[PDB]
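One structure is given below, encoded as structure tokens.
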Amino acid sequence: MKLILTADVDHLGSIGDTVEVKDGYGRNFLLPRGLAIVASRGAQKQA
RNA sequence: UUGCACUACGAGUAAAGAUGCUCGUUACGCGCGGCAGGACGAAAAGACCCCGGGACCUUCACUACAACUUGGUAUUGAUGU
């Protein structure tokens, strides 16, 4: 699943390349950091 | 407690231990005080024995489950050799 970063991280990468999260490592780590989104209407606001 | 009733004894007979059957013997009728041999005395659908049901108990019986433990996957992530 691709998603929409805010800061460059050694797993996720840039903002908008190809996201390969580990299934929980996002909402327990990333989404508290305010650096990642579970994509709902984000594949075009990313643009 | 109670099927009766005017409820003898013997030797027998009978479900094998007779107040009631048989053959005899012995007893006027009723009553009150005693004993307690019998009435398979009363009580208590024998406690024992055996059959049938149940009960609880045990366990190198049966099958379950609890509980204790084993891993599998979800919550469970990163970076690294």
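To be explicit about the labels: the chains of the structure tokens are called A, B, and onward in the order shown, and within each one the residues are counted from 1, while ligands get numbers from 1 in the order they are shown.
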Check every residue of chain B for an atom within 12 Å of chain A, counting only C-alpha atoms (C1' of nucleotides), and provide those that qualify as a PDB file with C-alpha atoms (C1' of nucleotides), in the first residue's frame.
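Listed below is the output, result-v3.pdb:
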```pdb
ATOM      1  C1'   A B  74      -3.821 -11.481  15.621  1.00  0.00           C
ATOM      2  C1'   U B  75      -2.522  -7.310  19.090  1.00  0.00           C
ATOM      3  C1'   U B  76       3.621  -7.379  17.270  1.00  0.00           C
ATOM      4  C1'   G B  77       7.104  -2.859  15.564  1.00  0.00           C
ATOM      5  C1'   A B  78      11.807  -0.901  13.978  1.00  0.00           C
ATOM      6  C1'   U B  79      17.198  -1.039  12.809  1.00  0.00           C
TER       7        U B  79
END
```
- Taking the DSSP assignment computed from this structure's backbone, write out as a list in words all residues of chain A that belong to helix (DSSP H, G or I). residues 26, 27, 28, 29 and 30 of chain A
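You will find atom CA of residue 17 of chain A at 9.5 Å from atom CA of residue 5 of chain A.
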Selection: 12 Å around residue 19 of chain B, only C-alpha atoms (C1' of nucleotides), excl. self and same-chain fewer than 3 positions, as a PDB file with N, CA and C atoms (P, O5', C5', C4', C3', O3' and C1' of nucleotides), in the first residue's frame:
```
ATOM      1  P     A B   5     -66.777 -59.249  67.121  1.00  0.00           P
ATOM      2  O5'   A B   5     -67.330 -60.525  67.883  1.00  0.00           O
ATOM      3  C5'   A B   5     -67.730 -61.692  67.172  1.00  0.00           C
ATOM      4  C4'   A B   5     -67.512 -62.929  68.010  1.00  0.00           C
ATOM      5  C3'   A B   5     -67.453 -62.689  69.523  1.00  0.00           C
ATOM      6  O3'   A B   5     -68.145 -63.705  70.234  1.00  0.00           O
ATOM      7  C1'   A B   5     -65.476 -63.765  68.802  1.00  0.00           C
ATOM      8  P     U B   7     -64.025 -64.742  75.194  1.00  0.00           P
ATOM      9  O5'   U B   7     -63.243 -65.989  74.578  1.00  0.00           O
ATOM     10  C5'   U B   7     -63.553 -66.503  73.280  1.00  0.00           C
ATOM     11  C4'   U B   7     -62.422 -67.300  72.694  1.00  0.00           C
ATOM     12  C3'   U B   7     -61.355 -67.688  73.677  1.00  0.00           C
ATOM     13  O3'   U B   7     -60.767 -68.904  73.261  1.00  0.00           O
ATOM     14  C1'   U B   7     -60.497 -66.092  72.134  1.00  0.00           C
ATOM     15  P     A B   8     -60.544 -70.059  74.338  1.00  0.00           P
ATOM     16  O5'   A B   8     -58.976 -70.014  74.593  1.00  0.00           O
ATOM     17  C5'   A B   8     -58.167 -71.169  74.474  1.00  0.00           C
ATOM     18  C4'   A B   8     -57.852 -71.752  75.828  1.00  0.00           C
ATOM     19  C3'   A B   8     -56.839 -72.881  75.850  1.00  0.00           C
ATOM     20  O3'   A B   8     -55.519 -72.398  75.954  1.00  0.00           O
ATOM     21  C1'   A B   8     -58.768 -73.541  77.010  1.00  0.00           C
ATOM     22  P     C B   9     -54.336 -73.104  75.153  1.00  0.00           P
ATOM     23  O5'   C B   9     -54.200 -74.511  75.859  1.00  0.00           O
ATOM     24  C5'   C B   9     -53.667 -74.630  77.162  1.00  0.00           C
ATOM     25  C4'   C B   9     -53.563 -76.077  77.541  1.00  0.00           C
ATOM     26  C3'   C B   9     -52.985 -76.993  76.479  1.00  0.00           C
ATOM     27  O3'   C B   9     -51.582 -76.987  76.398  1.00  0.00           O
ATOM     28  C1'   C B   9     -54.950 -77.941  77.297  1.00  0.00           C
ATOM     29  P     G B  38     -42.996 -66.014  74.852  1.00  0.00           P
ATOM     30  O5'   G B  38     -44.372 -66.478  74.251  1.00  0.00           O
ATOM     31  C5'   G B  38     -44.473 -67.689  73.535  1.00  0.00           C
ATOM     32  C4'   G B  38     -45.898 -67.954  73.158  1.00  0.00           C
ATOM     33  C3'   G B  38     -46.520 -66.903  72.281  1.00  0.00           C
ATOM     34  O3'   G B  38     -46.125 -66.954  70.939  1.00  0.00           O
ATOM     35  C1'   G B  38     -47.980 -67.360  74.010  1.00  0.00           C
ATOM     36  P     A B  39     -45.956 -65.572  70.181  1.00  0.00           P
ATOM     37  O5'   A B  39     -47.433 -65.226  69.740  1.00  0.00           O
ATOM     38  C5'   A B  39     -48.282 -66.242  69.254  1.00  0.00           C
ATOM     39  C4'   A B  39     -49.726 -65.846  69.319  1.00  0.00           C
ATOM     40  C3'   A B  39     -50.111 -64.600  68.568  1.00  0.00           C
ATOM     41  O3'   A B  39     -50.233 -64.839  67.186  1.00  0.00           O
ATOM     42  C1'   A B  39     -51.113 -64.570  70.682  1.00  0.00           C
TER      43        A B  39
END
```
- Point-to-point distance from atom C1' of residue 18 of chain B to atom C1' of residue 37 of chain B, Å rounded to tenths: 15.6 Å
- Query: Could you work out how far atom CA of residue 35 of chain A lies from atom CA of residue 6 of chain A, giving the answer in Å with one decimal?
  - Reply: 4.5 Å
- Task: Mind checking which residues fall within 12 Å of residue 42 of chain B, counting only C-alpha atoms (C1' of nucleotides), ignoring those fewer than 2 positions away in the same chain, and posting them as number ranges by chain?
- Result: B: 1-2, 39, 44
Quick one: residues within 8 Å of residue 19 of chain A, only C-alpha atoms (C1' of nucleotides), excluding same-chain residues fewer than 6 positions away - as an mmCIF file with N, CA and C atoms, in the first residue's frame?
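As a result, around-v1.cif now contains:
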```
data_model
loop_
_atom_site.group_PDB
_atom_site.id
_atom_site.type_symbol
_atom_site.label_atom_id
_atom_site.label_comp_id
_atom_site.auth_asym_id
_atom_site.auth_seq_id
_atom_site.Cartn_x
_atom_site.Cartn_y
_atom_site.Cartn_z
ATOM 1 N N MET A 1 0.821 -1.202 0.000
ATOM 2 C CA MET A 1 0.000 0.000 0.000
ATOM 3 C C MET A 1 0.859 1.257 0.000
ATOM 4 N N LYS A 2 0.661 2.102 -1.006
ATOM 5 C CA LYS A 2 1.326 3.394 -1.064
ATOM 6 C C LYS A 2 0.633 4.386 -0.132
ATOM 7 N N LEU A 3 1.419 5.246 0.513
ATOM 8 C CA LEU A 3 0.864 6.321 1.327
ATOM 9 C C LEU A 3 1.748 7.558 1.168
ATOM 10 N N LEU A 12 10.042 4.122 4.790
ATOM 11 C CA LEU A 12 9.007 4.649 3.912
ATOM 12 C C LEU A 12 9.590 5.422 2.744
ATOM 13 N N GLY A 13 10.631 6.208 3.001
ATOM 14 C CA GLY A 13 11.344 6.894 1.946
ATOM 15 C C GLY A 13 10.937 8.343 1.827
#
```
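The environment of residue 23 of chain B within 12 Å, counting only C-alpha atoms (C1' of nucleotides) and disregarding residues fewer than 4 places along the same chain, consists of residues 10, 11, 12 and 13 of chain B.
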Dump of N, CA, C and O atoms (P, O5', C5', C4', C3', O3' and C1' of nucleotides) for the selected residues, as a PDB file, in the first residue's frame:
```pdb
ATOM      1  P     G B  10     -50.906 -77.427  75.024  1.00  0.00           P
ATOM      2  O5'   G B  10     -50.947 -79.006  75.074  1.00  0.00           O
ATOM      3  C5'   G B  10     -50.470 -79.713  76.199  1.00  0.00           C
ATOM      4  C4'   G B  10     -50.955 -81.136  76.179  1.00  0.00           C
ATOM      5  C3'   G B  10     -50.569 -81.929  74.957  1.00  0.00           C
ATOM      6  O3'   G B  10     -49.271 -82.448  75.059  1.00  0.00           O
ATOM      7  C1'   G B  10     -52.854 -82.247  75.405  1.00  0.00           C
ATOM      8  P     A B  11     -48.262 -82.221  73.855  1.00  0.00           P
ATOM      9  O5'   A B  11     -48.564 -83.444  72.905  1.00  0.00           O
ATOM     10  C5'   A B  11     -48.592 -84.765  73.399  1.00  0.00           C
ATOM     11  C4'   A B  11     -49.259 -85.650  72.395  1.00  0.00           C
ATOM     12  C3'   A B  11     -48.881 -85.383  70.955  1.00  0.00           C
ATOM     13  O3'   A B  11     -47.689 -86.040  70.590  1.00  0.00           O
ATOM     14  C1'   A B  11     -51.228 -85.555  71.155  1.00  0.00           C
ATOM     15  P     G B  12     -46.979 -85.702  69.199  1.00  0.00           P
ATOM     16  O5'   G B  12     -47.972 -86.298  68.124  1.00  0.00           O
ATOM     17  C5'   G B  12     -48.162 -85.649  66.886  1.00  0.00           C
ATOM     18  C4'   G B  12     -49.526 -85.944  66.343  1.00  0.00           C
ATOM     19  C3'   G B  12     -49.818 -85.368  64.984  1.00  0.00           C
ATOM     20  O3'   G B  12     -49.328 -86.187  63.949  1.00  0.00           O
ATOM     21  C1'   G B  12     -51.597 -84.886  66.441  1.00  0.00           C
ATOM     22  P     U B  13     -48.757 -85.505  62.628  1.00  0.00           P
ATOM     23  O5'   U B  13     -50.024 -84.788  62.031  1.00  0.00           O
ATOM     24  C5'   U B  13     -50.852 -85.441  61.102  1.00  0.00           C
ATOM     25  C4'   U B  13     -51.830 -84.456  60.540  1.00  0.00           C
ATOM     26  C3'   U B  13     -51.225 -83.319  59.757  1.00  0.00           C
ATOM     27  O3'   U B  13     -50.985 -83.659  58.415  1.00  0.00           O
ATOM     28  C1'   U B  13     -52.719 -82.457  61.345  1.00  0.00           C
TER      29        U B  13
END
```
